[PDB]
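One chain comes next, on its own, written as structure tokens: the form deposited in one PDB entry.
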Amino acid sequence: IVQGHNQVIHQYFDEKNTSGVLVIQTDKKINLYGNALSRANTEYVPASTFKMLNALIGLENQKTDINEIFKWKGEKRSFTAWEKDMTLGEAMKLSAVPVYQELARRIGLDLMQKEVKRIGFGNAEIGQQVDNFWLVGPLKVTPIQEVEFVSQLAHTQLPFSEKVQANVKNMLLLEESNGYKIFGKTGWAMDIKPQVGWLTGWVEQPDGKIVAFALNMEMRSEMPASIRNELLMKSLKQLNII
């Protein structure tokens, strides 16, 4: 059943010379696909995917709001795409680190550690460095843990206000094709051991049904960033999720 599906998806991953897993959660049922299934319960830095929880915490605790404009004071950033004023929602789409760092600072280390622990995100360790704990360690999370987190978000089942959850969900819309809405958040940790690529989110099918996913793969600098999107869409289509 899944073995035919997984044979095809295994091949997708082989064809593009990487080791990756794709975790799918429909409701409470979790299946693994890809050519590196052991990745599914291996911890990795969440990188840019932590922005989902960052936003939830920041909004919940009233440190910002969806309308606030975070102004670019003019300093050069790691990507030219980030060099403009933006809202929290626009920063999510662009993975604009400086905006989310300013947010994390507003929250403070101790509120951050408290919230991360209350929610139970990954190993729930943030250490003492308020602006890179989700990039270089100690914070670590499995792909299975990521899919459960985003599934809960999609079902408005996380322990945050309903409206905060709706607001963060609205920041996460990637793609809308043939009535299927694709929500998600990419992440690419470029400066660590083996580079880590993420793409974590869910599909809202036309009848309202939600199928959540977490792609996690080894990245190499020669890859286009869109290889994560490619492997996701090809797999979802092959699974008839889209």
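Think of the rigid core as the biggest set of C-alphas that the two forms share within 1.5 Å after superposition. Residue numbers here begin at 1 and follow the sequence given.
This next part talks about the form deposited in another entry, which is not shown.
Taking only shifts of 2 Å or more in Cα after a rigid core superposition between the shown form and the other one, tell me which of 128, 170, 80, 157 qualifies.
Spelled out, the residue whose C-alpha shifts by 2 Å or more is 80.
Quick one: once the rigid core is lined up, does residue 91 have its C-alpha move by 2 Å or more between the shown form and the other one?
Shift at residue 91: below 2 Å after core fit.
Closer or farther in the other entry, the Cα atoms of residue 67 and residue 80, when the shift from this form is 3 Å or more:
Pair moves closer in the other entry.
Closer or farther in the other entry, the Cα atoms of residue 69 and residue 80, when the shift from this form is 3 Å or more
Pair moves closer in the other entry.
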